[PDB]
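Ideal geometry is used to build each Cβ from the backbone, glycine not excepted, and the neighbour counts take in all protein chains shown. Laboratory data are not the source of any read-out in this text; all were calculated from the coordinates shown.
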Amino acid sequence: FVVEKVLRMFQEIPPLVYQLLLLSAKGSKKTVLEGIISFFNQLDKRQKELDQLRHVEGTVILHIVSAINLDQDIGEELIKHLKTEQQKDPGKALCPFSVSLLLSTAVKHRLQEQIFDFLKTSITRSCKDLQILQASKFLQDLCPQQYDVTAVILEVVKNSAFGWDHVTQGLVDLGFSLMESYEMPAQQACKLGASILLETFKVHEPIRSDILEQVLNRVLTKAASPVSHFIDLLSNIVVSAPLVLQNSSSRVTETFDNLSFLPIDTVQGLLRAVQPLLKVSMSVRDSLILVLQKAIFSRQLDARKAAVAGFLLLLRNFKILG
Amino acid sequence: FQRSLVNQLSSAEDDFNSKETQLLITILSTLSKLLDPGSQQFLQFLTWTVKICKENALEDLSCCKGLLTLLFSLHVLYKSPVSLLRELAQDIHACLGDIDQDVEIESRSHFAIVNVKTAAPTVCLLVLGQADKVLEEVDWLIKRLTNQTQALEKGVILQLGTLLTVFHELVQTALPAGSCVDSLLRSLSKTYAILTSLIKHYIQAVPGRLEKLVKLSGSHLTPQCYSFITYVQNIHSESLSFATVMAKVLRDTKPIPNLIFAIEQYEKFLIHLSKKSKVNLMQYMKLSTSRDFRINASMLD
Amino acid sequence: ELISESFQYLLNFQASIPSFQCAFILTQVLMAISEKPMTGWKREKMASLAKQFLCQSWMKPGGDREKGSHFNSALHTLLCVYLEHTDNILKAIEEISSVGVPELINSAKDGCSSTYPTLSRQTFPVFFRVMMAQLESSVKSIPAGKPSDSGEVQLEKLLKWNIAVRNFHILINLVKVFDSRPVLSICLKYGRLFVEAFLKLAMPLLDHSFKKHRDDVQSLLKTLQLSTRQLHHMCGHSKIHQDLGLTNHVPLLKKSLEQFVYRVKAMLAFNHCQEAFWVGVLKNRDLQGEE
């Protein structure tokens, strides 16, 4: 009755809900978690028709993630509650505040694999349900409502552009992990990861270098399978910001050192993407010319074909007019 | 492009050019996707296709298959297709005989495209595929069912009520011994499983509509399946008379046990609902019927 | 030598035992001292001791019998260890089912059977369950029919199957007298297991030996038909009376009983004798009656 009444009894919000978090660590965590999540849900819905509200949201989720890190037992009950909500409603209880809170907790390895698995299965189920509903009008007549989860996952990008720290970290982690998860709904998931990475690069100005380093390292990790979509993402991210590549240089040469290992026509895309880096800088041009000289004199055809194919792009890139 | 097809269909039998008609139908199918479903042009196109299928009569198998596929692809996006399936089931039932062998049926030819030549496994598999799609749709909807609840249940019950008539019409057809029988038996087992899944919800969660559905299933579908199972014995025996024989027999006789198992599962859950709700739902369903066997030693020589 | 000496020392106590429970723990400790898979002479002595305890009569000092739940559990375990170690399981089952039950029903108005005083109208379901389960386990042990690799081994295998079928028929016939719900539940549960074991194991043998031997195969199938018919009638009775405990076993049993017929048709088709096969509808009949 106490928690119900004080939940009914809604600046001073973060200390107050911190006190309730301690009391519910003594008492029942699920009820207060549901109450606060719902309350912020109608707050956001009212806002749908703000800066202080976003600051309050960031502060309170910071207190919640700090408390959950202090006491990790609450997380299992929270995930059980969310599983029950997902069972009870067709993708309901997944709002921008809730997913922001979930992403904030997915940085300290507190069962982050479980978080990613839950999000992935929910996303695939939502996409499959929408796909089935779109096919027939008889379904559309009876079941008009639809809970598209991609809409909220895109909206939390804009919601998290006001300075939240853990939220963007978890968001980038999910966006990267979706690429490995995808390895058709899988194409939808891959496009969904590419869109999230493009949006969070376009938004998070201070975090450009970390994203560039992460995608560059992932691109040249191992040529086990086709990674052409990674190269498309590389082109899309680098074409937006030209000077960004210059700051994070001297890693391009390391990738160039072993380009002629598993070329599947991705070398043309990579060279076309990083051509702006090559034209402005002469050191990269010298290193690439050295690699091409190594390739052309090679005695094996497999490396030779990629070498001459890249060599053609090198020749056509630079104008010889004067 | 409609004029060329209209001209070729009305041409004399001397010059037909079946490949031209097939390509024209495929082009029409490809171009139909551009039309907006809400436009009046879509309704005009549907009316033209239905008129063409009803009026003309064709003997080529591929042309009829293409035309019916086009018609169903249009009809799914606009309304439920069960009425057309019922009409086609009645037409194919009229075209061929009946297993009873003491009943006379005359005329009632709704569609001229369906005739004695065309009532082959083509139209029988084409109809059963659409029925399977409808059943998968209803299976998806029922799991969502588990003020809105009343509307959803009222919507769900009508589909099964209409589909039972289609299967009742098709069960009483003396079909050939091919894949058309196997598809029929497998679809029968599937629909009984769907009815079981529906009843399990009311177990977990009485009304007049469900009682009417159970009465209809008991009266129209349950007794006919056993008669069909008797007829297919003679059908398969006559087929095997003309012709790895053990593998052929096992493949031919495979789906009957699954049908029996599905019927008994439905009966079991129906009894559970009956005794947990104080309604004698079992009054509608008759007793079961079982098959024995014997060996004629005289005919062994 | 030490194990054998201790075994003899403990076995010497069998004369003076005050009640059932002491004997039950005596069998437990005797089994515990021995190895996992017991050896010949110890196995024979254990079987003799178990039968000796089974054939005795246990009464309290104040008269009356020892009817109770703990008595039932001890009796179940004693029957299990007795049948697990007998020289020929089917001979023992046939002897019990052909002697003890008829002398119970024919004579004993309210008492027990002369040969087996432990057997009584309260304890009959325990005997029925143990005998049926052990029969199914014994049937499952027979090897499968090899692809016509057996010369004169098929005779021995057919003899074993014939004995098993006769025992199954005798056990099935007892259900007509005792109409208790546990009896029907046990028989419905285990009849399907016996039938699927027969389909999985026996039919490859009848495929590859129908040409050489014919009369034995037809007699075997004709004997099995009676038990299958009575199983159908029991399923019908359980469905009519609407017993929730009983109806759970009907569907799988009916599925297997339907598979049996078409497997026989495949057996005939394997030897180009498909013209002789015939199928018809079986008239419904209640238990111990008609219509």
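Of the residues making up the stretch A:81-103, none is exposed (fewer than 14 other Cβ atoms within 10 Å of the Cβ) and over 23 Å from B:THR146 (Cα atoms). Might you let me know whether the stretch C:189-209 holds any residue that is surrounded by 16 or more Cβ atoms within 10 Å (Cβ to Cβ), under 26 Å from C:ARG129 (Cα atoms), more than 9 Å from chain B (Cβ to nearest Cβ) and among the β-branched types (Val, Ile, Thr)? Yes; the residues of the stretch C:189-209 include at least one that is surrounded by 16 or more Cβ atoms within 10 Å (Cβ to Cβ), under 26 Å from C:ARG129 (Cα atoms), more than 9 Å from chain B (Cβ to nearest Cβ) and among the β-branched types (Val, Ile, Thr). Does the stretch A:206-227 contain at least one residue that is touching a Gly at 6+ places or on another chain (Cβ under 7 Å) and either of a type in the set (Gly, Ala, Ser) or within 30 Å of A:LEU312 (Cβ to Cβ) (or both)? No: the stretch A:206-227 contains no residue that is touching a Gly at 6+ places or on another chain (Cβ under 7 Å) and either of a type in the set (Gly, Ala, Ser) or within 30 Å of A:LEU312 (Cβ to Cβ) (or both). Within the stretch A:247-259, being surrounded by 13 or more Cβ atoms within 10 Å (Cβ to Cβ) and outside any loop (DSSP other than H, G, I, E, B) holds for A:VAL252, A:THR253, A:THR255, A:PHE256. Of all residues in the stretch A:244-258, those that are over 27 Å from A:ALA303 (Cα atoms) have Cβ atoms under 6 Å from Cβ atoms of residues that are among the hydroxyl-bearing types (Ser, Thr, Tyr) and in a helix (DSSP H, G or I), 6 or more apart or on another chain, in A:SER248/A:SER209. Scanning the stretch B:283-301 for residues that are of a type in the set (A, V, I, L, M, F, W, C) and within 7 Å of chain C (Cβ to nearest Cβ) returns B:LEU287, B:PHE293, B:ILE295, B:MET299, B:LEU300. For the criterion of being within 14 Å of chain B (Cβ to nearest Cβ), loosely packed, with under 14 Cβ neighbours inside 10 Å and charged (D, E, K, R), A:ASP148 fails.
Any residue that is out of contact with any strand residue (DSSP E or B) (no Cβ under 9 Å at 6 or more places or on another chain) and assigned to a loop (DSSP other than H, G, I, E, B) - is there at least one of those in the stretch B:137-148? Yes, the conditions are met somewhere in the stretch B:137-148.
When the stretch C:20-56 is filtered for residues that are surrounded by 11 or more Cβ atoms within 10 Å (Cβ to Cβ) and of a type in the set (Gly, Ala, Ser), the ones remaining, listed by number, are C:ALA23, C:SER34, C:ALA47, C:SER48, C:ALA50.
Would you check which residues across the stretch C:267-291 are within 7 Å of chain B (Cβ to nearest Cβ), under 26 Å from B:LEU240 (Cβ atoms) and within 29 Å of the chain's Cα centre (by Cα) and list them? Result: C:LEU282, single match.
When the criteria are applied in full, B:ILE199 fails the requirement of being more than 11 Å from chain C (Cβ to nearest Cβ), touching an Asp or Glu at 6+ places or on another chain (Cβ under 7 Å) and surrounded by 13 or more Cβ atoms within 10 Å (Cβ to Cβ). Candidates A:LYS83, A:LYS92, A:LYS5: the one that is under 29 Å from the mean Cα position of the chain (by Cα), part of a helix (DSSP H, G or I) and more than 16 Å from A:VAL167 (Cβ to Cβ) is A:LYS83. So which residues in the stretch B:240-264 are of a type in the set (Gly, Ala, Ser) and closer than 30 Å to B:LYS286 by Cβ, if there are any at all? Listed by number, the list holds a single entry, B:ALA262.
One residue alone among A:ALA273, A:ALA241 is in contact with a helix residue (DSSP H, G or I) (Cβ under 6 Å, 6 or more places away or on another chain), among the small types (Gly, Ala, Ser) and under 30 Å from A:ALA189 (Cα atoms), and that residue is A:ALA273. When B:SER288, B:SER298 are checked against the criterion of being more than 23 Å from B:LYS190 (Cβ to Cβ) and either surrounded by 19 or more Cβ atoms within 10 Å (Cβ to Cβ) or of a type in the set (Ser, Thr, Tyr) (or both), a single residue qualifies: B:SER298. Among the residues of the stretch C:213-237, the one identified as farther than 10 Å from C:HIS169 by Cα and among the β-branched types (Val, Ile, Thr) is C:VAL217. Which residue is nearest to the other protein chains (Cβ to nearest Cβ), if the candidates are limited to the stretch A:61-94 and must be under 18 Å from A:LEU119 (Cβ atoms) and among the acidic types (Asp, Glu)? Going through the qualifying residues, I end up with A:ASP89.
Among B:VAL82, B:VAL114, which is the only one that is within 14 Å of chain A (Cβ to nearest Cβ), aliphatic (A, V, I, L, M) and within 24 Å of B:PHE228 (Cα to Cα)? None of the other options fit; the residue is B:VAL82.
If we keep just the residues of the stretch B:254-282 that are closer than 21 Å to B:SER189 by Cα and among the polar types (S, T, N, Q), which is farthest from the other protein chains (Cβ to nearest Cβ)? Among those residues, the one meeting the criterion is B:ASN258.
Quick one: which helices (runs of 4 or more DSSP H) lie wholly within the stretch C:1-119 and hold at least 3 residues that are within 30 Å of C:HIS169 (Cα to Cα)?
Per the criteria, C:40-55, C:69-85, C:89-107.
Of all residues in the stretch B:44-57, none are touching a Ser or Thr at 6+ places or on another chain (Cβ under 7 Å), closer than 30 Å to B:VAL171 by Cβ and in a loop (DSSP other than H, G, I, E, B). Taking the criterion of being surrounded by 12 or more Cβ atoms within 10 Å (Cβ to Cβ) and of a type in the set (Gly, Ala, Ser), the only residue of the stretch A:204-227 that qualifies is A:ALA223. Name the single residue, out of those in the stretch C:228-263 being crowded, with 19+ Cβ neighbours inside 10 Å and small (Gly, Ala, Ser), that is farthest from the other protein chains (Cβ to nearest Cβ). Only one residue fits best here, namely C:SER238. Restricting the stretch A:23-61 to residues that are within 16 Å of A:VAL6 (Cβ to Cβ) and not in a helix (DSSP H, G or I) leaves a set whose member that is nearest to the chain's Cα centre (by Cα) is A:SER28.
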